[PDB]
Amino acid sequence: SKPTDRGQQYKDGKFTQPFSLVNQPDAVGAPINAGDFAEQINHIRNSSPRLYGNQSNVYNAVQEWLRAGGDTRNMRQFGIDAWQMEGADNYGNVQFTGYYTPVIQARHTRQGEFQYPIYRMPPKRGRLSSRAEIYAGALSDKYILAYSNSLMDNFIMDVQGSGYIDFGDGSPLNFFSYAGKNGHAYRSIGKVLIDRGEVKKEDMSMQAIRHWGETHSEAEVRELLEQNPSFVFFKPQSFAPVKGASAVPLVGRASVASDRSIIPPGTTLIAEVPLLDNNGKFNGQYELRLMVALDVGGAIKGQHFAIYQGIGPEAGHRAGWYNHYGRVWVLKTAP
């Protein structure tokens, strides 16, 4: 059977095809984020008018379904078709990970605890340098945007793709969007902790990496972070909503990152997101949510989704545990 150690349900049948057109999905009650789904869609209308035009009828259809009852048994009653996904094992288990938008403090000039530079997009040959070399000073100081008080925060923000920069002087939070990356492949840092016997395999998470950095010295932290030759460059947007690859403001848990080749942007997705406590342990229950694919990821390929948790600490704690599975139905309207 499918060990539910990471949330693997099997109460639907046996659907192997990519888009398994089921009559109506397995679920009790209405989705938890109905009104929240409306906001997400509204953003698609103003931020991507061409993407909205292609999915107008789809969005308008599910809205009435939510305003009437919301039960996954009253979908076809409005011409909505649920196309279940095969997932990993092809039995019905789609991978679910998570990411958020962290807020970090920094200064325009280095001072005191602020000695860690955040770089912008450099020239063609400047993007060749690895993370370790950049730490040593491979890039010119004119490409620095700010200096943070934590090398770990910069690394986490690097992994997330973006983040708000708080200068702590009164000015609004500047959104440092994903502008580009260096010519080096991304390599797992948490794995390096397991390679030398520093962190447990079963107890691998966001809090473990952060706790490790506080337990060890700066030299030991820098050495570990350098094991990831990849480095991300940002572009200041100045208090703009969190936007992904689709250039549409992402809403907390109402949007996900996907493989554009399989699941294109603007795709409505209803899924059973597995719940977990503060310790990230799978309790056994799920959560019905309506989300839209509006972002991409280097590690997000095939039957895999990256649920956008939100902005802030609480959104980060919730995002670090997500490496579970669950079912998902691609919602399409009848022609």
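A residue's number is simply how far along the shown sequence it sits, counting from 1.
Chemist: Quick check on the record: does 132 to 140 or 213 to 221 carry the larger mean Cα temperature factor?
Modeler: According to the entry, 213 to 221 carries the higher average C-alpha B-factor.
Chemist: What stretch has the higher average Cα B-factor here, 252 to 260 or 71 to 79?
Modeler: The recorded data point to 71 to 79.
Chemist: Select one of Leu145, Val242, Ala179, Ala208: the residue whose C-alpha shows the highest B-factor in the crystal structure entry.
Modeler: Highest CA B-factor of the listed options: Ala208.
Chemist: State the tercile, meaning the lowest, middle or highest third, of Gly310 with respect to the CA B-factors recorded for its chain.
Modeler: Its C-alpha B-factor belongs to the middle third of this chain's values.
Chemist: Would the CA B-factor of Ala106 place it in the lowest, middle or highest third of its chain?
Modeler: Lowest third of the chain for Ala106's C-alpha B-factor.
Chemist: Could you say whether, by C-alpha temperature factor, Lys201 belongs to the lowest, middle or highest third of its chain?
Modeler: CA B-factor rank for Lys201: highest third.
Chemist: Sorting the chain's CA B-factors, does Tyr52 end up in the lowest, middle or highest third?
Modeler: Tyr52: CA B-factor falls in the lowest third of its chain.
Chemist: Among all modelled residues of this chain, ranked by Cα B factor, put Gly298 in the bottom, middle or top third, i.e. lowest, middle or highest.
Modeler: Middle third by C-alpha B-factor.
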